[PDB]
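Visitor: Have a look at this one before I ask anything.
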Amino acid sequence: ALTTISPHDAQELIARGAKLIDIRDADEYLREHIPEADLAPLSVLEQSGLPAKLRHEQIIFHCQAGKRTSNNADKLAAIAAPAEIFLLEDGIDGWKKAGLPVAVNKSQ
């Protein structure tokens, strides 16, 4: 189930149900955000693990910017998987790839 997907086709699923996690940091969420994602850095994952609220049949993973999700898809898998998991191509860079502005606004 571990695979990558463009931010183009992802921009849909995400707006369909695809639950994306923020296996990066918290500070990030502050400044920038992402196309549908809830705070949940690998630091919390190891401290807890794939949450329920974000346990939708299908979910996705990302990061600040590095695309090192597949590099650790081993654990993340045993964390999320077999729950249909994926990767937004590149860490954030993807969402931006297509040229989509993140939730860079407090309160909104």
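Numbering starts fresh at 1 for the residues of each chain in the structure tokens, the chains themselves are lettered A, B, ... in the order given, and ligands are numbered from 1 as they appear.
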Can you list, as a PDB file with N, CA, C and O atoms, in the first residue's frame, every protein, DNA or RNA residue that comes within 9 Å of residue 36 of chain A when you count only C-alpha atoms, leaving out same-chain residues fewer than 4 positions away?
Guide:
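Final file, out-v6.pdb:
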```pdb
ATOM      1  N   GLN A  11      -4.747  16.166  -4.433  1.00  0.00           N
ATOM      2  CA  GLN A  11      -5.556  17.319  -4.079  1.00  0.00           C
ATOM      3  C   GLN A  11      -7.041  16.950  -4.089  1.00  0.00           C
ATOM      4  O   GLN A  11      -7.867  17.664  -3.525  1.00  0.00           O
ATOM      5  N   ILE A  14      -7.664  13.897  -1.039  1.00  0.00           N
ATOM      6  CA  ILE A  14      -7.569  14.661   0.193  1.00  0.00           C
ATOM      7  C   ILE A  14      -8.911  15.340   0.473  1.00  0.00           C
ATOM      8  O   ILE A  14      -9.364  15.379   1.617  1.00  0.00           O
ATOM      9  N   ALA A  15      -9.509  15.858  -0.589  1.00  0.00           N
ATOM     10  CA  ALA A  15     -10.791  16.532  -0.472  1.00  0.00           C
ATOM     11  C   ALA A  15     -11.918  15.509  -0.627  1.00  0.00           C
ATOM     12  O   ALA A  15     -13.068  15.877  -0.859  1.00  0.00           O
ATOM     13  N   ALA A  18      -9.147  11.085   2.020  1.00  0.00           N
ATOM     14  CA  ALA A  18      -7.745  10.784   2.249  1.00  0.00           C
ATOM     15  C   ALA A  18      -7.238  11.604   3.437  1.00  0.00           C
ATOM     16  O   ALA A  18      -7.190  12.831   3.374  1.00  0.00           O
ATOM     17  N   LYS A  19      -6.875  10.893   4.495  1.00  0.00           N
ATOM     18  CA  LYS A  19      -6.375  11.539   5.696  1.00  0.00           C
ATOM     19  C   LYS A  19      -4.849  11.623   5.628  1.00  0.00           C
ATOM     20  O   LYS A  19      -4.169  10.599   5.578  1.00  0.00           O
ATOM     21  N   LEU A  20      -4.355  12.852   5.626  1.00  0.00           N
ATOM     22  CA  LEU A  20      -2.922  13.084   5.565  1.00  0.00           C
ATOM     23  C   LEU A  20      -2.411  13.467   6.956  1.00  0.00           C
ATOM     24  O   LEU A  20      -3.047  14.250   7.660  1.00  0.00           O
ATOM     25  N   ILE A  21      -1.269  12.896   7.310  1.00  0.00           N
ATOM     26  CA  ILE A  21      -0.666  13.168   8.602  1.00  0.00           C
ATOM     27  C   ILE A  21       0.547  14.081   8.412  1.00  0.00           C
ATOM     28  O   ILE A  21       1.104  14.160   7.319  1.00  0.00           O
ATOM     29  N   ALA A 103      -2.172  26.487   4.109  1.00  0.00           N
ATOM     30  CA  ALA A 103      -2.970  27.241   5.060  1.00  0.00           C
ATOM     31  C   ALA A 103      -2.050  28.124   5.905  1.00  0.00           C
ATOM     32  O   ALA A 103      -1.935  27.928   7.114  1.00  0.00           O
TER      33      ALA A 103
END
```
Visitor: Can you work out which one of A:47, A:64, A:70, A:3 has the shortest atom-to-atom distance to residue 32 of chain A, counting only C-alpha atoms?
Guide: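 Closest to residue 32 of chain A, using only C-alpha atoms: A:64.
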Visitor: Considering only C-alpha atoms, state which residue in the set A:80, A:86, A:68, A:57 is at the smallest distance from residue 16 of chain A.
Guide: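 Counting only C-alpha atoms, the residue closest to residue 16 of chain A is A:57.
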Visitor: Find the distance between atom CA of residue 89 of chain A and atom CA of residue 58 of chain A and write it in Å to one decimal.
Guide: 16.0 Å
Visitor: Restricting the calculation to only C-alpha atoms: of A:48, A:69, A:4, A:105, which residue gets closest to residue 23 of chain A?
Guide: A:69
Visitor: With distances taken over only C-alpha atoms, which residue among A:96, A:101, A:88, A:54 lies nearest residue 12 of chain A?
Guide: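 Under the stated criterion, the closest residue is A:88.
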Visitor: From the options A:1, A:39, A:92, A:102, which residue's atoms come nearest to residue 59 of chain A, counting only C-alpha atoms?
Guide: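 Answer, going by the shortest atom-to-atom distance: A:1.
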Visitor: Can you work out which one of A:67, A:49, A:83, A:44 has the shortest atom-to-atom distance to residue 26 of chain A, counting only C-alpha atoms?
Guide: A:44
